[PDB]
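Results of the structural survey
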Amino acid sequence: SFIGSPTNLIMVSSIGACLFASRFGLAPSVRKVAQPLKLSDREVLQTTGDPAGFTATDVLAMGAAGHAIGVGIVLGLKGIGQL
Amino acid sequence: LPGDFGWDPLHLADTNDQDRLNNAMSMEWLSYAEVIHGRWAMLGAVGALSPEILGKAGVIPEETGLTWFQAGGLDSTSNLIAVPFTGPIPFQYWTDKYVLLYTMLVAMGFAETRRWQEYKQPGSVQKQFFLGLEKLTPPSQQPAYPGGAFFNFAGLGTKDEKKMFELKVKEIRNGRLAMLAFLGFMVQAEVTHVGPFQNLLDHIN
Amino acid sequence: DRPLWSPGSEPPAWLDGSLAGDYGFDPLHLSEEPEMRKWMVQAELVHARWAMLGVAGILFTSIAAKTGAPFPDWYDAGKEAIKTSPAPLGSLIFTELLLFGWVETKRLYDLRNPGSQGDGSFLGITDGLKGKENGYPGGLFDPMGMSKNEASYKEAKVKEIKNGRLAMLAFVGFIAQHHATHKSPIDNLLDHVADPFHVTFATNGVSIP
Amino acid sequence: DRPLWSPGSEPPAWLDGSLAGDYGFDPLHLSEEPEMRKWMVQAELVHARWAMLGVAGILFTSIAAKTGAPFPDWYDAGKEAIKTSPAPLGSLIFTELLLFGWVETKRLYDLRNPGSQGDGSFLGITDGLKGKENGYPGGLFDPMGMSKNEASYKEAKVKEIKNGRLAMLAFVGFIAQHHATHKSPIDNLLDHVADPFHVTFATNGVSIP
Amino acid sequence: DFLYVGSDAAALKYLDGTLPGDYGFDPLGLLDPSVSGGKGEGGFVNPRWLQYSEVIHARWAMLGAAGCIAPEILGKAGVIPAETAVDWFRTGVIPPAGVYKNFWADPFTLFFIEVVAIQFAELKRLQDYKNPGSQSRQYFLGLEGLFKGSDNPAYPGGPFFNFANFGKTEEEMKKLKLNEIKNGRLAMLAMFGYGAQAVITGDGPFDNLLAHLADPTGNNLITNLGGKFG
Ligand code: CLA
Ligand code: CLA
Ligand SMILES: CC(/C=C/C=C(C)/C=C/[C@@]12O[C@]1(C)C[C@@H](O)CC2(C)C)=C\C=C\C=C(C)\C=C\C=C(C)\C=C\[C@@]12O[C@]1(C)C[C@@H](O)CC2(C)C
């Protein structure tokens, strides 16, 4: 996880893609309950600052999912011999 | 007040109570603290830019004029922290390194205790005994703006009201500009280890 | 109506200016209870008197050592004395323990009930060993003093308590610059008066990182 | 209205303070029934008296051993006593068992029916051998004592029960620090007085792993 | 200003400017009055006992955070001798970490003294919590007058617990309450830190502060997690 490593780049890009995905619809966040196609835009608790629904549990889950996706990508690329 | 631009993004001034003493968050206390913080900021800016210009121009004898942080002893690489009077100053003053700090602490403590006791109970701090220094500072209804025989000794604001408020607005805006300037000097001295006028000359050239 | 420890501050209600050196300095609000006030003022008076005696003895010994009389430093003076004193350790400390415990309990039970020792139970004397005031005894402790006059008594009370507080400050200063310089206080005064701009508490090395 | 075993606690309903040493300490609800309350009072009194008697004998023997007289330890005293005793083992325990059975069923049937033995059945005595209180007999067992006065009798009852409980604590302390130190209780006391800062229940190796 | 990052809804509905804390940070929710409803003492999950344990944990954390770092800078300076100046976990609290041999008694002797004294203290505290002001009625060495307490068992006051007795006004008392709970919540993280720093470096917390100050990039979380002893 040295600054400049391909694993660091993969981790940061995954985290940023997950925050982008949860910022404007586009992900089953605390604001967006999920149907088979993830609709209906509900509201609970409060966002505490920036708009939409980035609560304390929204960034906690998306960071967890973004981290967990990154272990799959890095170790998958490491197993096949990439980066 | 003496200033209203409608810029409170974090809403730190909402405390749902107004009190003269305590809670450290009333609008009058915040305005007083911001005004004196700003005044210290323009004194810091002028004291950290003045030896820089007059040092390279040869008006003042050149001993650490270009570096206010080196003059005060601020390096952040000696051992611990760039607290002043701790870095190795190449110029020996008439007050060497630390009894200067003692004199500054006792004088600023006298002045701060006077200011704080005027803030708590106005009109009572100039009664008992101060070797005749009590008559120079008459009381006033504003904690940040005493006026009188001292401070406003020239009488440049005690003639009307609108010009007084214009001077208030100009003073607070120059003060906020000085806060941004001193945060700039903060950042340059911390991350470049070279004075700010030298950086001005580099970005001009 | 009185000079306080901070001008413009609010003096305490229990500190009405009727005490010696009543500058109204009480941020921890001690001596608020009247019995606690009595014990505080007695403790302050005895600590002030012993601090004054200690600073007088230390200054006399240091001045004599500077002028040429053989005297050790104010620190470890009992260490240099106990090797040559006829009285060994143990006996001396317990002898002074017995004597000053006697005086401690006598003045304690005079503090609790005034005039409880003026009944002649000790060597049959009435006017002596009786406390005229709380922390101030009377009789044989005032052979020729002007405490009979009340104005001179009040002035001497204020002078005594102010000199006592100055002695407290002198003693903590003595131990502080002894740990700082490892020298006599008179030598420290001579060093300060020789080079004031340089020789001070800044350049002693210790206490300034 | 009474000092309890824990301040602010709720005293039991069956402990109204009418008993000797009634501090209201009973979390297991024992002695709730009045007959078992009397039986517990009797048992506490006799266990207390035997604890004080045994502790006093142990202390006397240990003090006599420490002063130089030939005396055994409080432990295995009988083991070295029997080899010099004219009375052998077996006969001694059985003799004391028969005699103490006589005395103890006499006091037992006095406990069941108060004043049952005061009918002159035992050698024609009526006033003697008759229980005055719950666990307190009379006649022969109060030769000169002040149980006639009520207040002095109550104070003596409280003193007896408190000394008894202190002696139970002393006996458990005796066995505990004998198993800890394998020495006499007076020897342990002298070791505690000689070096209090180090010699204790913690630096004996055993009981603190 | 108000509320916090977590700040669950239906949790601010039972607290608004009442407790000395009450910053709106109850994401899980444990001060609901519906919890432990009924009769009797019941359980520990209730606002009174939670506030009581929070302020007790707070004050214990203040004392601990003062005592853990207090010998250290004074050992760097010449205040206390460096022989006694040792890391807080090497004083005998963790004998695997180390004990101080030059004590006036055995560590278990001091443990028994602490057990007796603090058992008296905490059992009197618990008995006064069960029955308010009941420790001022049973005779205890002639000092029953300073154990009267107040309506709140957490904040007793009296001739000794508040012997300075300043903050008589409600506003100053509320400010002191907020200051106490805020410095206690800081000491919470101070102890959490001190333990984590001790387990990640094996050295004292002020030495870790010096390490972060001298080299912030080279001595921080990422380098110390990948180093020796953690
Ligand atoms: C010291 C503890 C103690 C106390 C305070 C009492 C008090 C009482 N008992 Mg009790 N008793 C005790 C021990 C004690 N007893 C022991 C050990 C036994 C077993 C032998 C008995 C057997 C007994 C019976 C059988 C009866 C009483 C009765 C009484 C009451 C009579 C009042 C009286 O005369 O005062 C008693 C005063 C004392 C005992 C103080 C004397 C203490 C001496 C001086 C100690 C020294 C002797 C010792 C052996 C030496 C120790 C040496 C050591 C240092 C090494 C009263 C409630 C009677 C009662 O309640 O009738 C209504 C009753 O019938 N008691
Ligand atoms: C789940 C069980 C478990 C546990 C308990 C540990 C625990 C430990 N391992 Mg292990 N480890 C585990 C699983 C586990 N590991 C697994 C699954 C792997 C993967 C293979 C590893 C791989 C691994 C490696 C490779 C290494 C360790 C090391 C360590 C140590 C460093 C801990 C650390 O970094 O935290 C730092 C410490 C803390 C964060 C402290 C926690 C906070 C404290 C408790 C707060 C308490 C403060 C409180 C307020 C006051 C205290 C009370 C006071 C008043 C007395 C520690 C002993 C390292 C080692 O040997 O170092 C010794 C090491 O080299 N482990
Ligand atoms: C400590 C003790 C009993 C303690 C009981 C406790 C704490 C019980 C607690 C509770 O019940 C309460 C209160 C209330 C309940 O709701 C709850 C519980 C918790 C259940 C008895 C000791 C009792 C101790 C006694 C009776 C001691 C007797 C000693 C004798 C006879 C000595 C004889 C000798 O033989 C030796 C041993 C050796 C020879 O060298 C010398 C001679 C003299 C020959």
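Structure: above.
Let me sum up the structure you'll find in this document. Residue labels reflect position in each chain's written sequence, counted from 1, rather than necessarily the entry's numbering. Residues lacking coordinates are not shown. Both sets of labels track the order of writing: A upward for chains, 1 upward for ligands. Note that the displayed chains come from a larger assembly and that each value is computed for the displayed part only. To get the side-chain values, take all heavy atoms of the structure and skip hydrogens and water. Residues with missing side-chain atoms are left out of burial classes, side-chain pairs and their counts.

Focus on the overall build of chain E
If you tally the helices and strands in chain E, you get 6 helices and 0 strands. Secondary structure elements are defined from DSSP: runs of H or I of at least 4 residues count as helices, runs of E of at least 2 residues count as strands, and each element is numbered from the N terminus. Starting at the N terminus and ending at the C terminus, chain E contains elements arranged as α-α-α-α-α-α. Oriented by its inertia axes, the alpha-carbon framework of chain E measures out at about 55 × 50 × 35 Å. Pairs of residues are marked as contacts when any of their non-hydrogen atoms sit within 4.5 Å. Put simply, of all contacts in chain E between residues at least 6 apart along the chain, 46% involve residues at least 24 apart.

Notes on the environment of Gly101(C)
Along the chain, the position of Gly101(C) falls in helix α3 (residues 91-112). A sequence separation of 27 residues divides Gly101(C) from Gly128(C), and the C-alpha atoms of the two residues are 19 Å apart.

Quick look at the interface of chain C and chain B
Between chain C and chain B, the contact holds 15 residues from the first and 14 residues from the second. Buried area counts how much accessible surface, traced with a 1.4 Å probe, disappears from two parts once they are put together, with both parts' losses summed. Taken together, the two surfaces of chain C and chain B that pack against each other cover about 1,100 Å², and 56% of this comes from carbon and sulfur. Throughout this description, the term salt bridge denotes a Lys or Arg side-chain nitrogen within 4 Å of a carboxyl oxygen of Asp or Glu. For the pair chain C and chain B, the number of links is 0 salt bridges. Whenever a nitrogen or oxygen atom comes within 3.5 Å of another N or O atom, the pair is scored as a polar contact, on the condition that within protein one atom can donate a hydrogen and the other can accept it, and that pairs from neighbouring residues in sequence are kept only if both atoms are in side chains. Inspection of the region where chain C meets chain B yields 4 residue pairs in polar contact. Nonpolar residues are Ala, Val, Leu, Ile, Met, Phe, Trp, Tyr, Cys and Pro. Charged residues are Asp, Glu, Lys and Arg, and all others, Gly as well, are polar. Residues belonging to the side of chain C that touches chain B are distributed by class as follows: 8 nonpolar, 6 polar and 1 charged.

Some details on the environment of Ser50(B)
Residue and element names in this part refer to chain B. Examined against the element boundaries, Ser 50 turns out to sit in helix α1 (residues 27-56). Buried residues are those whose accessible area, probed at 1.4 Å on protein chains only, stays under 20% of the maximum for their type, while exposed residues exceed 50% and partly exposed ones sit between those limits. Accessibility expressed as a relative area gives 27% for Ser 50, which makes it partly exposed. Along the sequence, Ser 50 and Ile 60 sit 10 residues apart, while their C-alpha atoms lie 10.0 Å from each other. Of note is the side chain of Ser 50, whose polar atom sits 2.7 Å from the backbone oxygen of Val 46.

Focus: the interface of chain B and chain E
Facing the 11 residues of chain B at the interface are 8 residues of chain E. Of the residues contributing to the side of chain B that touches chain E, the split by class is 4 nonpolar, 6 polar and 1 charged.

Here we look at the coordination of the magnesium atom of ligand 1
No other protein atom reaches the magnesium atom of ligand 1 as a donor apart from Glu160(D) (OE), found 2.1 Å away. Its location among the elements puts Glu160(D) in helix α4 (residues 150-181). The rule for donors is simple: N, O or S, within 2.8 Å of the metal, or within 3.2 Å if the metal is Na, K or Ca. Water isn't counted, so a site may look like it is missing partners.

Examining the arrangement of the chains
The pair of protein chains exhibiting the most contacts, out of 5 pairs of chains in contact, is chains B and C. When C-alpha atoms are compared, chain A and chain D, though not in contact, are closest at a spacing of 45 Å. With no contact formed, the shortest span from any C-alpha in chain C to any C-alpha in chain D equals 19 Å.

Observations concerning a nonpolar patch on the surface
Residue and element names in this part refer to chain D. For patch building, the residue pool is restricted to those with more than 30% relative accessible area and no salt bridge; the joining distance is 9 Å between like charges and 5 Å between nonpolar side chains (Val, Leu, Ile, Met, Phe, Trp, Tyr). Surface accessibility follows the Shrake-Rupley procedure with a 1.4 Å probe radius. Residue values consider only the protein chains on display as shielding. On the surface, a nonpolar cluster with roughly 780 Å² of combined accessible area is contributed by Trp 50, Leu 53, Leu 98, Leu 99, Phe 100, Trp 102 and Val 103. Looking at the nonpolar patch, the elements with two or more residues in it are α1 (34-66) and α3 (91-112). Residue contributions to the nonpolar patch peak at 5 residues, all from α3. Within the fold, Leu 98 resides in helix α3. Residue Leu 98 is classed as exposed on the basis of its relative accessible area of 67%.

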